[PDB]
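Note sheet for the following structure.
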Amino acid sequence: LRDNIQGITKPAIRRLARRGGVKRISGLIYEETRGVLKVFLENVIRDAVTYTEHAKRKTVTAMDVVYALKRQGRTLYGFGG
Amino acid sequence: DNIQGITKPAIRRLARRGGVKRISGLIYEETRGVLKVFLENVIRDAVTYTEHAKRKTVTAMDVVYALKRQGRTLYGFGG
Amino acid sequence: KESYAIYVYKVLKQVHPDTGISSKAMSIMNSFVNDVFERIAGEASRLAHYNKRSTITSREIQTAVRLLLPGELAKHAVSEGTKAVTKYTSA
Amino acid sequence: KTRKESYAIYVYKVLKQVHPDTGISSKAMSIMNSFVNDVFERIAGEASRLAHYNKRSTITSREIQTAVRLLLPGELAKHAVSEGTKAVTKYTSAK
Amino acid sequence: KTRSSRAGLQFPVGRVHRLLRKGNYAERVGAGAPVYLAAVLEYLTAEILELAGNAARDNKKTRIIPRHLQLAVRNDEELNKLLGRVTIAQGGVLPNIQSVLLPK
Amino acid sequence: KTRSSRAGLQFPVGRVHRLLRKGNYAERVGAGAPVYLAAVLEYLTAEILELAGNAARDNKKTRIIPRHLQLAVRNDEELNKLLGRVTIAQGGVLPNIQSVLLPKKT
Amino acid sequence: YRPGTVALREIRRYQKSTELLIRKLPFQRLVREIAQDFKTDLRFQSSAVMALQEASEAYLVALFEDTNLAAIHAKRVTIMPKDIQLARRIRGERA
Amino acid sequence: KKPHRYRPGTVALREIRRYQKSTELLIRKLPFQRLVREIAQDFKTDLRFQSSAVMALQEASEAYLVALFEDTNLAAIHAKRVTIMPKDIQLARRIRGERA
DNA sequence: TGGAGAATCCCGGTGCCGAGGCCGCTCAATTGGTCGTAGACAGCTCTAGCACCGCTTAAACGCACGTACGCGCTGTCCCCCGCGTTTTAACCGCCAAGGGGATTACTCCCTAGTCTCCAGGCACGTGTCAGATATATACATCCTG
DNA sequence: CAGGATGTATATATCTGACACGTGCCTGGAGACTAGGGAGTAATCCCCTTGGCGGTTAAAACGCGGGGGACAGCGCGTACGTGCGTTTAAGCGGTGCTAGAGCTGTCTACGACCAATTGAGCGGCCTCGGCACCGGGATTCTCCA
């Protein structure tokens, strides 16, 4: 179909690493970083879809996602209410 | 004084199990320090577990739940 | 003062009928089964608490084992459990 | 129609208590709301855990100050048990 | 009158009581437990809000933004110790640059 | 009759039922929830002594030491991902040496 | 051509900022096309997809900061994906 | 030479194989007992200990140290080295979340 | 060294929409009473922890030396950084439509709770054989040749 | 390549105490029975999610040139490593003991259950000013001659 994961771009990755505080970045880290973000999205989104499916819902509200990052202890604030 | 009782050949044996050939001379005392920090945290949770239920001794159950609180849960001693 | 000795012992006799188990390994086994018990029951309790459904039943614990175990073992355990509950509701 | 239960105006009162010239935001109000019931969940669940250790159905002030021993750093925890004992003595001294 | 005024508190003894009642953490409760819970949440909210007010007042700000509470938590050691595994929404990142990457 | 025999399972459904009743998870418990509990735990321990019996079989012993438990958990990738944060008592560490650790040129 | 200092200049530009870094519509199409696997014709909410945004940003800058310290231990200012491999090994995601 | 002398590294390989083979006790347990009693009366005196308790903390410390030492070892190979430095274990403690 | 310019900080006006504040209604909070049931405490039982004592003995301790690995230096090459033009596609504001979340209303099932009977599960006793230990032998390494 | 030289896998002789089986007494497990509210199911309505197009314009893609970092190699210093003799106190056996954890029993007060009572609290709607945004000047520092 399409590329989608290549929809995010390399200057976005330089911004993200620039918040982390680097100077020099290799050009081959991008595909591997995209794969890391893909499998992190797998590990949250699977809990998200079964949490949606449990309560007769086909629409993901914010609160079960707060529970999804709560599940592996990476809890997020400002959306649980 | 007795923190130094955890001896240098024991750290060598621990390194041989962990997977190391070559060790540095400055390793062992700071390893004893960070190990001491680990038993500091574990022993604080164990002593407040002991003191909460009115006993003046520490069994194995409460230190298992102390490591459960710390996320380092251990089998073979109940719980 | 109860334990999980003889159910797991005859489970071992059913799977591997010609082996034994020491007391330390049985303590490992007992601590394992009660550990996964309180983990899966705490997730079931959270699942009941979350969507104001104050009754715990088969669909909620099915979702709880969807969350707990990873994929392949999750589908295998879920399928075996629903065939067990279908056998129970038939009997 | 239904009652969206929150903790907003109460820490608005404590905010006007401590700093009389500062405002709040709704987004900041959401981190405050999520933070306070998150600490409520851990403190009450761990109090339940200590209730189940001692095989008692009765829960009180003492396992919750034991939970302040557990899930808090030390000096903040001993300030917290001082505050909790002060508040509960002010309550229990009310004739 | 009410139990908040009887305990000299702002956090609700009655609502914290009712939440912990139907949150079925235990079968029965004493009287001092919701008072204690209201006290400790009052202290933690007051401490974090005091640090947020300080972080607002050195940045000449009067409306509290998530950047200010991120400054409140991440620049204080026991708040790092207790708020360790969280994510702060729209809060930025603590500035920390290694001296190796600094020029000359 | 027993609900374990009625469901064809092995763990006691009534014991699981009252332990989950008095472990205050909820004040209402459904019918098939302890049946589902017993089924999933018996499946899990079936794999555990499956791998433990195999590890004892390739170690020419018939009594299982927790070393066989350790090679049971740490060799299955899915089960290691599940329970890998749990320390197994007197389990030891697997033989794992890197290729740049042993001497070269044979 | 002005070398080097513009990197630290945008370091200081991005460490004070609070805005979002991944552009949101590629991420929106990404979560649509990965949620097409689990359950088709599935629906979302805006607050939920910003929650995935915030979680992904926090995890990724934690990863990049640990990568920076791996590179400093490597006596390099250039980051290389074996530092990513070490940082994922540290969290136990690999082993 | 006339006396046999094994070259260094080979007997290190022998010890890592010999110690990954077995599950025998590693840290000597009565100095550990003196250590926990030292910490115990450092906090609050006249405290007693159980044997199963003291082997529980001993085995927990064994597990924490072998995991930390394997991680700092692989960090030392990552630093293009075969020796562990203290800065390797500083990176291990910082990166694993135990320090910051 | 001196000077050009590129961004950052500060400075001023403004306009807005986000926060403050007041208001009316109602649902949870509170006042009061009861009854029983875990909790508090005391008295007894007894287990498990505590603690000296010697003896053989594995294991820690200490030192020599040497080697091969840690670490600084240097040189080279090409990999990203940084700039600029062209291209890309995303923001926002707008308008349409409907699927599905959220709430209400009814009914019945099944699960809480008591009572009663009973058998499986657990404390206790046991005799025995898998596995720990022992010593002689093949074998699979490594080191100088 | 290659020979000898040692640590280690294997092999049976033997011994012991944990491991699994047997007994029965007993407290949960199950059958029977009642009842009531939690939730299944259905119907209504309305937020709110998705789709989509066009002007604007900020941001991405690609090319080019170079200089600084990544890496290969090298050379020299000493740090543990290996192996010997040396010194230490762990470890098993054995026993006295005493201190506090656990079981039993009984009174009691306090907290769940129920009804009734009402204002704290929470959505709804109005108002203003703090701060983001547009625009412009003062201030730093960085790199070139």
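Residues are named by chain letter and number: chains run A, B, ... in the order of the structure tokens, numbers start at 1 in each chain, and ligands are numbered from 1 in the order shown.
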
Close residues, residue 10 (chain G) itself excluded, 10 Å, only C-alpha atoms (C1' of nucleotides), min 6 positions apart in chain, as number ranges by chain: A: 15, 18-19, 21

Selection near residue 6 (chain H), 8 Å with only C-alpha atoms (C1' of nucleotides), sequence-local residues under 5 positions removed, as a short mmCIF file (atom, residue, chain, number, x, y, z; two decimals) with N, CA, C and O atoms (P, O5', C5', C4', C3', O3' and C1' of nucleotides), in the first residue's frame:
data_model
loop_
_atom_site.label_atom_id
_atom_site.label_comp_id
_atom_site.auth_asym_id
_atom_site.auth_seq_id
_atom_site.Cartn_x
_atom_site.Cartn_y
_atom_site.Cartn_z
N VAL H 11 42.82 -19.64 31.72
CA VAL H 11 42.25 -20.07 32.99
C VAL H 11 41.07 -19.17 33.38
O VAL H 11 40.18 -19.60 34.11
P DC I 142 42.50 -24.48 24.16
"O5'" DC I 142 43.82 -23.99 24.92
"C5'" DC I 142 43.97 -24.17 26.33
"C4'" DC I 142 45.43 -24.40 26.72
"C3'" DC I 142 46.46 -23.54 25.98
"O3'" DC I 142 47.50 -23.19 26.89
"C1'" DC I 142 47.01 -25.80 25.68
P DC I 143 48.09 -21.70 26.92
"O5'" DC I 143 49.67 -21.92 26.79
"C5'" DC I 143 50.39 -22.56 27.84
"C4'" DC I 143 51.70 -23.14 27.33
"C3'" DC I 143 52.44 -22.29 26.29
"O3'" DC I 143 53.83 -22.26 26.59
"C1'" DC I 143 52.11 -24.47 25.45
P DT J 82 44.94 -15.44 34.96
"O5'" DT J 82 46.11 -16.45 35.38
"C5'" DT J 82 47.28 -16.51 34.58
"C4'" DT J 82 48.47 -17.01 35.38
"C3'" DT J 82 48.22 -18.26 36.23
"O3'" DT J 82 49.28 -19.16 36.03
"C1'" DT J 82 49.22 -16.59 37.54
#

At most 8 Å to chain A: residues in chain C, only C-alpha atoms, as number ranges by chain: C: 51, 59-60, 63, 66-67

Preceding selection exported with N, CA, C and O atoms as a PDB file, in the first residue's frame:
ATOM      1  N   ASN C  51     -14.318  -0.314  34.488  1.00  0.00           N
ATOM      2  CA  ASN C  51     -15.509   0.019  33.714  1.00  0.00           C
ATOM      3  C   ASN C  51     -16.797  -0.162  34.502  1.00  0.00           C
ATOM      4  O   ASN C  51     -17.802  -0.602  33.926  1.00  0.00           O
ATOM      5  N   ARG C  59     -15.330 -13.383  30.582  1.00  0.00           N
ATOM      6  CA  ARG C  59     -14.847 -12.443  29.575  1.00  0.00           C
ATOM      7  C   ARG C  59     -13.797 -11.496  30.154  1.00  0.00           C
ATOM      8  O   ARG C  59     -12.786 -11.202  29.499  1.00  0.00           O
ATOM      9  N   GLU C  60     -14.006 -11.034  31.394  1.00  0.00           N
ATOM     10  CA  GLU C  60     -13.028 -10.163  32.040  1.00  0.00           C
ATOM     11  C   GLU C  60     -11.718 -10.888  32.322  1.00  0.00           C
ATOM     12  O   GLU C  60     -10.638 -10.326  32.102  1.00  0.00           O
ATOM     13  N   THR C  63      -9.872 -11.238  29.044  1.00  0.00           N
ATOM     14  CA  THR C  63      -9.129 -10.020  28.739  1.00  0.00           C
ATOM     15  C   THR C  63      -7.899  -9.880  29.629  1.00  0.00           C
ATOM     16  O   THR C  63      -6.854  -9.401  29.175  1.00  0.00           O
ATOM     17  N   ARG C  66      -5.330 -11.959  28.184  1.00  0.00           N
ATOM     18  CA  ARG C  66      -4.849 -11.263  26.992  1.00  0.00           C
ATOM     19  C   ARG C  66      -3.768 -10.249  27.351  1.00  0.00           C
ATOM     20  O   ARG C  66      -2.764 -10.122  26.640  1.00  0.00           O
ATOM     21  N   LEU C  67      -3.966  -9.508  28.446  1.00  0.00           N
ATOM     22  CA  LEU C  67      -2.948  -8.543  28.877  1.00  0.00           C
ATOM     23  C   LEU C  67      -1.695  -9.206  29.441  1.00  0.00           C
ATOM     24  O   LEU C  67      -0.583  -8.739  29.170  1.00  0.00           O
TER      25      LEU C  67
END

Using only C-alpha atoms and a cut-off of 8 Å, which residues of chain E sit close to chain G? Please list them as a short mmCIF file (atom, residue, chain, number, x, y, z; two decimals) with C-alpha atoms, in the first residue's frame.
data_model
loop_
_atom_site.label_atom_id
_atom_site.label_comp_id
_atom_site.auth_asym_id
_atom_site.auth_seq_id
_atom_site.Cartn_x
_atom_site.Cartn_y
_atom_site.Cartn_z
CA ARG E 67 6.80 23.35 32.13
CA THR E 87 5.71 10.90 31.91
CA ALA E 89 2.58 15.87 29.48
CA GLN E 90 3.87 18.94 27.56
CA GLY E 91 6.61 19.43 30.12
CA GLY E 92 9.79 19.55 28.08
CA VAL E 93 13.11 18.13 29.26
CA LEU E 94 15.58 19.08 32.01
CA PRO E 95 18.64 20.87 30.54
CA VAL E 100 32.76 16.85 26.34
CA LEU E 101 30.27 18.05 23.71
CA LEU E 102 30.83 21.64 24.87
#

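For the residues I:101, I:32, I:88, I:80, ranking by smallest atom-to-atom distance to residue 61 (chain A) using only C-alpha atoms (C1' of nucleotides) places I:101 first.
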